[PDB]
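Asks: My sequence and its experimental structure, below.
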Amino acid sequence: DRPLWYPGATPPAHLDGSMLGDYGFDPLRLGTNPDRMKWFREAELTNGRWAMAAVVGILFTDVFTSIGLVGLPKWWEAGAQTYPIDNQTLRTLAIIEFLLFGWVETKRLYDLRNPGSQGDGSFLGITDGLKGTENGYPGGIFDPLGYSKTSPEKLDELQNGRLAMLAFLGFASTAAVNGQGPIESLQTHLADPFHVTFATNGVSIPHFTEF
Amino acid sequence: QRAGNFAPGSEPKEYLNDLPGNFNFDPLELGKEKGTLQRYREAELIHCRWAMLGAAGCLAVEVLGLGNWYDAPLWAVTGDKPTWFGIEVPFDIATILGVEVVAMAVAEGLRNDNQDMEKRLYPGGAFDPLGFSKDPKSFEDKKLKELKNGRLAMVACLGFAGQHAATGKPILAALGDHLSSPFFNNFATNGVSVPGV
Amino acid sequence: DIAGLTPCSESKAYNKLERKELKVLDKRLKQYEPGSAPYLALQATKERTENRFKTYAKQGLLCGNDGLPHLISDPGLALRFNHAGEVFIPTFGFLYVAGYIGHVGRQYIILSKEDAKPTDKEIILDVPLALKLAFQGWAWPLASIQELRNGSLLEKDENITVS
Amino acid sequence: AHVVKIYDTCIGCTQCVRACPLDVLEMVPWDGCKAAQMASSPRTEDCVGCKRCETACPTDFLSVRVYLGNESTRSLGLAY
Amino acid sequence: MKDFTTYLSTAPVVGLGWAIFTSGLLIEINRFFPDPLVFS
Amino acid sequence: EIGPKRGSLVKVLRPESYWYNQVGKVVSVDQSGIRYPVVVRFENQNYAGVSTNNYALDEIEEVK
Ligand code: CLA
Ligand code: CLA
Ligand code: CLA
Ligand code: CLA
Ligand SMILES: CC1=C[C@H](O)CC(C)(C)[C@@H]1/C=C/C(C)=C\C=C/C(C)=C\C=C/C=C(C)\C=C/C=C(C)\C=C/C1=C(C)C[C@H](O)CC1(C)C
Ligand SMILES: CC1=C[C@H](O)CC(C)(C)[C@@H]1/C=C/C(C)=C\C=C/C(C)=C\C=C/C=C(C)\C=C/C=C(C)\C=C/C1=C(C)C[C@H](O)CC1(C)C
Ligand code: SF4
Ligand code: SF4
């Protein structure tokens, strides 16, 4: 077990066992039954892995935007910029997004139920590559860099993934009361820290004391 | 004899252990009982065989340029006579409804009085004069072809109906919209198929 | 709009009802002096009344011929015509609170019954335990489906029957 | 004219006999119980249908039941 | 004191503290953001 | 020994009883040929206020 989210005396009951990114953080005891703890673990990954690849489109691009290299729009209004384009792809995108994910995800849903269960003649000829080593960590998807014996580079995958999940929650909240992008919000806290915060300007609290 | 799996890795269903067209499908356990399965297996082949003929019909009218499958019975309200390859068949509406009922009632009734469970699905003799069923291998193989092709006709005859209601266009015209501009001309862009588009 | 109802902003009776309810206070305000406390109390009520009417109009409510706002319940019409906060969203708010009360009381009942003298624990509560469960019930839906999918929610024919 | 029937579950407590005022219940020996006693109802003609006896019975369900029925002068408790 | 805390853990007293909380919370929720009907 | 063991829990099967499909401790068992020997004690009271009752061999079964 890795260090404790409280340094002091918060005894966990079922997290002493091995697992990735185990810091003993389960007050509500939602991981008591092991069968559904096994399910929530994969949820942290798909949310972790998806959130990180999403945060780059908000982050890697807006940094280049504030510097002035590109004139792309902000994420809070990128959706209304696509469909008015002459060469556009109007909303058959919601449904095709579901028809495409529905094929992959149920293949992932039936793996957690029956691990390594991809029949011999079910797919054309690549039935062997689709078998996975463990749940959440398949083999033939990564081309290099998964043959070490100390496999816990996974801890980087989680600490980076949990962090990004905070980012989008902050992007969405910052972009609902500040009215500006995430990086524009950063340039202000650096230029005038004490004035631009969640307390006084960002109306997250009813503070009206003009005296 | 399992042709495949609709869901690879799914749990086997013992009620469908050895039949033609088995894919281990049934997720609602319809067919758990042994007697009802013999009825469903009869209903599937007949819902099949009626769809395959009716499906080739709708294509035959449009491929040969005769008209729509939807506008075929519209002569009755207008009053003009029906046609088959523009031959002007003379019979009237009350004559069609009388001969159809008496003819099909004689046919369907004789079918139900068979009481031979294998022949209720796969008769012999007169219904197969050329004798393809004599070879057990090709017979077993051709049964999977009867059923695979039939399930296409059923799901797709429903498409001829659903396509028509949302868009009044005919079959081959509605296909041309996909090929001309797929991403724009789809069921999503009908405005009726999906609420909220 | 829908169901032959006008919005409250465009209605005449809605504004008629505002001019009436303010006229009652203005007549009542004439009796007292400007700087007195009864004057300050009525002016505040006047300020609240003016705020109640404009906020209900701003919220896209629907007022009928009588001039009073009406609510819509079908989520389809609510979402289509932007009236979801009225009924459809109040339903989820209450269910989360109602479930929280159930998941808490159910757990206190089960845990006290695992010990000696559970009858005393009902009339004389274990407040440290009750507060512990009351602050652990924020994610009550997760535990329910966890307990349903597991099968430890329901009892199985170990219950008393009558015949 | 009420009916008083006692069932197989009696244990010889005698609490039914002590309770009913009108002396309609007495104890008789029997081989079924530890106490070797059983009740009886010889004189139900004097039963006022008070039903105090059933209350005395301390079994899971009553081994003594007073099935009310046709009334009479003695049953209605009429001094007149 | 052990018996005093036990008296405070009775049903009549714990209910009194509950009532002051729920009623105090609702009245305070009506005093600020006055008279709500539609939820935004 | 004729019947269940002392201190053993058992489940009741009298349809008439307040304790039907419920569990109780066996207080004692008599081996003298009595029809209803098995004495059982429950925590919950009945409607009258009694928490014990003599049951039979066939009327009781193993727990749960
Ligand atoms: C976790 C990452 C994260 C980061 C780095 C920021 C950063 C910022 N937020 Mg923000 N925010 C976040 C998450 C985050 N937020 C989330 C999850 C929410 C929703 C609850 C919000 C809601 C929010 C509002 C409503 C507002 C901001 C604002 C701001 C800016 C000014 C500071 C402030 O108001 O205090 C931040 C206040 C908080 C309550 C969040 C702090 C708590 C986090 C979780 C602690 C994390 C620890 C540490 C900082 C991590 C280091 C990471 C770093 C090395 C990259 C600043 C750029 C203000 C603005 O207008 O920007 C100009 C503003 O009005 N935030
Ligand atoms: C492709 C579909 C198909 C297939 C593979 C079969 C296969 C079979 N049927 Mg079956 N059948 C079908 C459709 C089909 N049937 C339909 C639609 C009906 C209703 C009329 C029947 C009615 C029927 C009966 C009553 C019996 C069978 C029997 C049999 C078996 C022996 C005969 C044989 O080998 O058929 C071989 C089939 C072919 C070689 C296909 C011929 C292709 C034709 C000529 C196409 C004509 C249509 C035209 C091109 C469409 C126009 C298109 C338009 C756009 C213009 C075998 C399992 C018998 C049985 O059970 O065996 C013991 C039996 O008694 N069938
Ligand atoms: C944890 C306590 C608890 C729980 C989980 C339930 C749960 C349930 N009750 Mg119920 N009930 C309770 C207490 C509880 N009840 C009490 C105290 C009474 C006496 C007033 C009743 C009287 C009652 C009746 C008459 C009926 C139900 C019914 C039901 C079922 C439908 C819900 C309903 O409408 O009930 C009704 C809800 C109430 C009457 C409100 C109960 C009073 C408060 C809000 C709940 C008590 C919480 C507790 C005091 C807090 C302790 C927490 C602890 C940490 C200290 C449901 C499974 C119905 C049913 O039979 O289902 C089909 C039904 O007809 N209950
Ligand atoms: C001083 C006067 C006084 C008054 C007016 C009451 C009144 C009450 N007592 Mg009581 N009590 C008193 C003195 C008093 N007590 C004294 C001197 C003692 C000795 C220490 C006790 C010990 C005692 C015990 C042990 C119990 C009560 C209980 C009760 C309640 C009866 C249960 C019920 O009907 O609701 C039924 C409740 C439900 C069906 C569901 C719960 C929802 C409730 C109504 C919410 C809580 C209400 C809250 C207490 C009201 C505020 C207090 C009110 C008097 C202002 C009732 C409100 C019983 C109780 O449970 O209290 C609630 C109970 O077990 N009292
Ligand atoms: C709040 C806020 C506000 C303001 O305004 C701003 C700021 C300051 C920014 C803040 C925030 C922060 C955060 C939270 C976050 C960020 C970032 C991250 C975490 C991530 C990315 C990003 C992440 C990520 C993961 C991405 C990428 C990665 C990867 C691996 C991919 C791919 C791959 C894989 C799969 C495997 C193979 O074999 C290989 C490859 C192909 C190579
Ligand atoms: C989806 C879609 C949509 C869009 O719109 C369009 C499109 C693209 C085209 C598509 C459609 C499709 C469909 C519906 C149909 C087609 C086909 C089929 C299925 C059938 C026919 C067709 C089928 C069929 C079966 C027919 C025929 C066959 C047969 C066998 C008959 C008779 C016979 C038999 C008895 C046996 C003997 O020994 C011989 C003979 C005498 C010769
Ligand atoms: S009161 Fe019941 S248990 Fe007692 S002696 Fe009479 S019949 Fe037997
Ligand atoms: S009915 Fe009354 S008087 Fe008669 S036996 Fe019972 S308790 Fe005694």
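Replies: Sure thing, it's come through. Numbers count the residues shown, from 1 in each chain, chains lettered A, B, ... in the order given. Ligands and ions are numbered 1, 2, ... in the order given.

Asks: got the contact list for the lengthiest helix in chain C?
Replies: If you go by DSSP state H, chain C has its longest helix at helix C:88-112. Contact partners of helix C:88-112, identified using Cβ atoms under 8 Å, 6 or more residues apart in numbering or on different chains, comprise C:73, C:75, C:78-79, C:118, C:121-122, C:126, C:129-130, C:133-134, C:137-138, C:140-141, C:143-144, E:39. C-beta here means a position set from N, CA and C on the backbone, and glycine is covered the same way.

Asks: swap the cut-off to 6 Å and go again
Replies: C:75, C:78, C:118, C:121, C:133, C:134, C:137, C:140 (Cβ atoms under 6 Å, 6 or more residues apart in numbering or on different chains).

Asks: From those residues, list just the buried residues.
Replies: Burial by neighbour count, 16 or more other Cβ atoms under 10 Å in any protein chain shown: within the contacts of helix C:88-112 this picks out C:78, C:121, C:133, C:134, C:137, C:140.

Asks: out of these, which are inside strands?
Replies: For the buried ones among the contacts of helix C:88-112, membership in strands holds for none, with DSSP state E as the criterion.

Asks: Closest one to chain D out of these, please.
Replies: Of all the buried ones among the contacts of helix C:88-112, residue C:121 has the smallest distance to chain D: 27.3 Å, by Cβ to the nearest Cβ.

Asks: okay, the buried ones among the contacts of helix C:88-112 in JSON lines with distance to ligand 5 next?
Replies: Shown next, in JSON lines, are the buried ones among the contacts of helix C:88-112 (distance: Cβ to the nearest ligand atom, whole Å):
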{"residue": "C:78", "distance to ligand 5": "34"}
{"residue": "C:121", "distance to ligand 5": "46"}
{"residue": "C:133", "distance to ligand 5": "33"}
{"residue": "C:134", "distance to ligand 5": "32"}
{"residue": "C:137", "distance to ligand 5": "29"}
{"residue": "C:140", "distance to ligand 5": "29"}
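
Asks: Between all of those residues, which two are at the greatest distance?
Replies: C:78 and C:121 (44.8 Å; Cβ to Cβ).

Asks: contacting residues for residue C:133?
Replies: C:104, C:107, C:108.

Asks: Which two among the contacts of helix C:88-112 are spaced furthest apart?
Replies: C:78 and C:118, at 45.8 Å, using Cβ to Cβ across these.

Asks: what does stretch B:78-93 rub up against?
Replies: Taking Cβ under 6 Å, 6+ apart as the rule, stretch B:78-93 contacts B:75, B:76.

Asks: May I see the buried residues of that stretch?
Replies: For stretch B:78-93, burial by neighbour count (16+ other Cβ under 10 Å) applies to residue B:82.

Asks: anything in stretch A:5-14 near ligand 1?
Replies: No. For a cut-off given as Cβ under 6 Å from any ligand atom, stretch A:5-14 has no contacts with ligand 1; the smallest distance is 13.0 Å.

Asks: List of residues touching that stretch?
Replies: For stretch A:5-14, using Cβ under 6 Å, 6+ apart, the contacting residues are A:23, A:24, A:25, A:32.

Asks: and with 8 Å instead?
Replies: A:4, A:23, A:24, A:25, A:26, A:29, A:31, A:32, A:34, A:37.

Asks: counting contacts, what elements does the helix or strand hosting residue A:51 pack onto?
Replies: For residue A:51, the host element (DSSP states H and E) is helix A:34-67. Helix A:34-67 sits against helix A:93-113, helix A:154-177, helix A:182-191, helix C:140-150, with contacts defined as 3 or more Cβ pairs under 8 Å, 6 or more residues apart in numbering or on different chains; DSSP states H and E.

Asks: Now distance to chain B too, for these, in a markdown table please.
Replies: Shown next, in a markdown table, are these (distance: least, Cβ to the nearest Cβ, whole Å):
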| stretch | distance to chain B |
| --- | --- |
| helix A:93-113 | 5 |
| helix A:154-177 | 22 |
| helix A:182-191 | 30 |
| helix C:140-150 | 17 |
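
Asks: Quick one: closest of those to residue B:101.
Replies: helix A:93-113 (43.7 Å).

Asks: do the helix holding residue A:51 and ligand 1 meet?
Replies: No. Under the criterion of Cβ under 6 Å from any ligand atom, ligand 1 is not reached by helix A:34-67; the shortest gap measures 10.7 Å.

Asks: Just the buried positions in that helix, please.
Replies: Neighbour count says helix A:34-67 has A:36-37, A:41, A:44-45, A:48, A:51-52, A:55, A:58, A:61-62, A:65 buried, by 16+ other Cβ under 10 Å.

Asks: next one: stretch D:31-39
Replies: For stretch D:31-39, by 16+ other Cβ under 10 Å, it's D:32, D:33, D:37, D:38, D:39.

Asks: hmm, it in reach of ligand 7?
Replies: Yes. Against ligand 7, stretch D:31-39 shows contacts by Cβ under 6 Å from any ligand atom at residue D:39.

Asks: Residue B:53: which element?
Replies: Using DSSP H and E, residue B:53 sits in helix B:34-63.

Asks: Give me the packing partners of that helix, helices and strands only.
Replies: Packing partners of helix B:34-63 (3+ Cβ pairs under 8 Å, 6+ apart): helix B:136-166, helix B:171-180.

Asks: so which of those helices comes closest to ligand 3?
Replies: helix B:136-166 (42.0 Å; Cβ to the nearest ligand atom).

Asks: Export the helices and strands packed on helix B:34-63 to CSV and append columns for mean neighbour count and distance to chain C.
Replies: Output for the helices and strands packed on helix B:34-63, formatted as CSV (neighbours: other Cβ atoms under 10 Å in any protein chain shown; distance: least, Cβ to the nearest Cβ, whole Å):
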stretch, mean neighbour count, distance to chain C
helix B:136-166, 14, 19
helix B:171-180, 13, 28
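
Asks: of those helices, which approaches chain F most closely?
Replies: Nearest of those (Cβ to the nearest Cβ): helix B:136-166, 49.0 Å.

Asks: looking just at contacts, which helices and strands does that closest one meet?
Replies: Taking 3+ Cβ pairs under 8 Å, 6+ apart as the contact cut, helix B:136-166 packs with helix B:34-63, helix B:171-180.

Asks: okay, the angle between the first one and helix B:171-180?
Replies: Our comparison of helix B:34-63 with helix B:171-180, counting by axes from the mean of the first three to the mean of the last three Cα atoms, to 10 degrees, yields an angle of 80 degrees.
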